[PDB]
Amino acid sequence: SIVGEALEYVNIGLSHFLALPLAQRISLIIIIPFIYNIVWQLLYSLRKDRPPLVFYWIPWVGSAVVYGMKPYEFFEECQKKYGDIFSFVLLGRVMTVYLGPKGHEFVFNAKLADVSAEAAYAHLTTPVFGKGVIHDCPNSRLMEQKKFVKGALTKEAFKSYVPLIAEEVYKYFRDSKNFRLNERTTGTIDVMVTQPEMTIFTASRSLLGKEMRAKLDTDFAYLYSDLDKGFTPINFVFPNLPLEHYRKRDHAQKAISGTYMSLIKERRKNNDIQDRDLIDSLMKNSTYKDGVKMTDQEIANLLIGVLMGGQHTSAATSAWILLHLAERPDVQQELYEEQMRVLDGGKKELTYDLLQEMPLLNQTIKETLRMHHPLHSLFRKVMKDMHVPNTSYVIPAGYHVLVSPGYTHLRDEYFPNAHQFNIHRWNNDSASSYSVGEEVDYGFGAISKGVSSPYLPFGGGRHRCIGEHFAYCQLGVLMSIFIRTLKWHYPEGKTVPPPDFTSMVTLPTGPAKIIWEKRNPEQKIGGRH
């Protein structure tokens, strides 16, 4: 009646194991985690208190490759097999996806104690922006930082930004190799080259001021390029690794934040603090509610973050607008007529107020943001176990929740013929967004309380975007001028490119070229160059 001899043969087996040929021991260190992985998923599939988990062959990697290459195609397959809630493994992490408007509610209105955005995002952005701001600080600091920035983003600021943004667009048509409208009447451009330059020029001039704008004409512009490089999904797994890419980024962040602090300390020294730009504004208005002031280093890091966020979402969006309009001369024609009616055939300077009298222009932005949400996946790390309403599912702490309003933007159920670009689906509804009812303030102004809208380009809840009006202002001036100045179309046989879902924003797969030509070949842009 001896089990003792079994326990001996366990120990013997462990010892015979350790003495295997190194060819078999490498094999086992591969085959036994592979076998265990399959065994674990099958067992996992039994738990009725967990959403279904998408099956995967490679441990740790998970569904990373198919999710990254074509996330909306991934989501649609999963939705057919499992419905709206399902999980998948992604480079070590378990992501729980909740598709559709209830998904929006579940994640964007999640209680602050249940989930954390900074725990999800901190590695992605802190290396790039610097310490102390955005996701490298507690939520209540973030709430107030959004309040400070929003304070420079008022109707009266937009009124003064508009002629500044217009000036930069015109100087870019005049001076850029891509255009030179005083010398050339037609030409070819890559919109992934032109739009990121146009966006940084206009955002700099209006948010940072003319000094910082002036510096973009120098070799300082190269540091922006270097810091721009460090803004990549790979920071999610490799935020820091001793290589040259990471070294230029860190240098750039120091060099750029140094330049902003130089200006800040310069302005405080001369008492030269007005209401020109966002720098003036944060100098006057960056004291937290427990009395602590933001440092000059933190103020500068915040400027980098604001500028970098606006840079990528807006540049991609104007690239998409150009690309969709290039095959739709009917829409270009209709926008041109609205410009002629609102601006008296051009005998009226563009103002922020007149921009609000251009519904078709704003509907074009709205519709581009529907087809091309710059951020396909928004994340939160789960901090406490969460019950999913009307289900038996519990999402345990340590999981991530993923919400994807850009996926819902492309469903026929909520947008008839969702794959078709149509600015007229927004007729009599051209506002960037609006709360369908009740509102709430998390620290940075009253916003919509419900987040169930199928259309959520700026998200919702406490992490809701605050740059929506600035983006529309910027994109509006830009497109108003393109339309009044140029017609454009595709090279023969070219059409809208598919999105690049592996970058930070869903920008077009390039080279994405359009051919432009002047509406008025003899028109000249004045000023010195």
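Each residue number is its position in the shown sequence, starting from 1.
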{"item": "Mean C-alpha B-factor comparison - 312 to 320 and 270 to 278, higher one", "value": "270 to 278"}
{"item": "Segment of higher mean CA temperature factor, 332 to 340 or 73 to 81", "value": "73 to 81"}
{"item": "Most elevated Cα B-factor in the entry, residues 460, 476, 467, 59", "value": "59"}
{"item": "Largest Cα B-factor, entry values, listed residues 420, 199, 225, 206", "value": "225"}
{"item": "Where the record places residue 121 (Cα B-factor, split into thirds across the chain)", "value": "middle"}
{"item": "Assigned third (lowest, middle, highest) for the C-alpha B factor of residue 297", "value": "middle"}
{"item": "Ranked C-alpha temperature factor of residue 100 among modelled chain residues, by third", "value": "lowest"}
{"item": "Third of chain Cα B-factors occupied by residue 472", "value": "lowest"}
{"item": "Cα B factor band for residue 503 (lowest, middle or highest third within the chain)", "value": "middle"}
